[PDB]
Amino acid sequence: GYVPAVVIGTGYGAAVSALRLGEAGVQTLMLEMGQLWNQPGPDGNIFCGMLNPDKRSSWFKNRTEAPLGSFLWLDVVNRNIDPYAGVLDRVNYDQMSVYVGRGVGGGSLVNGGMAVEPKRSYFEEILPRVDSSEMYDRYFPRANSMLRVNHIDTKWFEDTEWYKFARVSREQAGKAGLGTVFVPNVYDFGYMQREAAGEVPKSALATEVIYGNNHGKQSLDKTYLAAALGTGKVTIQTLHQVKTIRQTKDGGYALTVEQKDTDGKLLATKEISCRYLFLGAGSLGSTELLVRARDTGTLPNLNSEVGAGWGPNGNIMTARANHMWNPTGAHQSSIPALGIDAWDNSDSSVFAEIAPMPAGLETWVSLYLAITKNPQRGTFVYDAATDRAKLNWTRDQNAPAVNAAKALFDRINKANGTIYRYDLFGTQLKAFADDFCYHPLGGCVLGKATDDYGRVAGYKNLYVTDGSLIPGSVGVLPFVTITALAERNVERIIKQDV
């Protein structure tokens, strides 16, 4: 059937879009391929933890996997599982593995909650056609408030065993002349204190994050999506994956949508149509839909920029071996609180999350997720044979990112007399993981594949809302930018188009 607006997906771009559409009085249907995560499983919790992964941990895989960095300690808990509609999808391309959330709330279900605005000067560099004053004056503040961003208590941080890991890297970094910053979060830090005090059920303090948090984390189901449903104008259908998009002869849109069960069995195909179509299927999902539509002839006027301009936000993971006298602790909160800010917009820029590790015993390891400035980009290319959009990114394209991360951490190692770990990312000596991505950006870049508000070139009433808009890099953790951009875009779209 027909509905005025359809939003594909339920991550950040989608959630913002649907809230504002509903507040404007536009009846809106959101289509989400994953689950609504609200049923207690066999342990009485909705989500599995990192020390007890089960089928809920994985989107249609036959074995659980350890968190990147943690294989040496967490492979012992891996198990064979039945392919299931779990929460975390490791999407494998030829030389890149991209990790994305699947469910109502998208990546907000599985992410570390870190809520960071980009440096304004870098924003202005990457998106020179966008008015940065309205972003910083209006839309970034609007996003932080509605996302429920909050700040850790510095005294508690300084005192608690749960953040020793962070203080160790802070102290090590300082010897190299490098500074740290507190990173705001959507995890309720007040709740986290009460966890540590034994007052409330633990989540961050019970090795949960990447397969969901049973408590504490204000994911989008709690914030934007709850509010959208509250408008009375928004509904969400789950286990509904959009496969194809076409325009109708009179200029609306028609979708083919597969409904599955949690075992992946096809229950129905349906046709859904609309006047307004908003893509919020993520960098991978939105881009795949549009590349497919262009190359199978259902949206024949899409431009050549659809599929282009993808990057992994410069993501590189690395680890240092601490001196024995600098243990990182057996008890590490699963929510990062500090970053190393070494980002000056030059090619040596690094913003590095000080990442906790879930092992639960002392390992002396400090883990980092570096965000770098690497101009290399990939392209999604439709494969008509398999009906998939393939990302053509090659491992060598991450060399600039590796080089920047290594220069930063080499400073820290020299100042402290420490060395890297070489064994965390497989048998082969490898200090820098260079073939994963938690922060996929691009594929439908703002102003390239779209106009400056995400209107898809070649089409009216067709919008892209999500990380596919971003030109490959933001220099920080991306969801605040995605949210704020979406606020800007949907507001304008509603005013001028709807």
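So that there is no doubt, residue numbering starts at 1 and follows the sequence shown.
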item: Mean Cα B-factor comparison, 417-425 or 341-349, giving the higher one as deposited; value: 341-349
item: 427-435 versus 63-71 - which carries the larger mean C-alpha B factor in the record; value: 427-435
item: From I335, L147, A176, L109, residue of greatest CA B-factor; value: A176
item: From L205, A197, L225, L239, residue of greatest CA B-factor; value: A197
item: Chain-wide C-alpha B factor ranking for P83, given as lowest, middle or highest third; value: middle
item: B-factor third for the C-alpha atom of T450 within its chain; value: middle
item: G25 by Cα B-factor - lowest, middle or highest third of the modelled chain; value: highest
item: For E288, the third of its chain into which the C-alpha B factor falls; value: lowest
item: Entry-reported Cα temperature factor of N45, expressed as the chain third it lands in; value: lowest
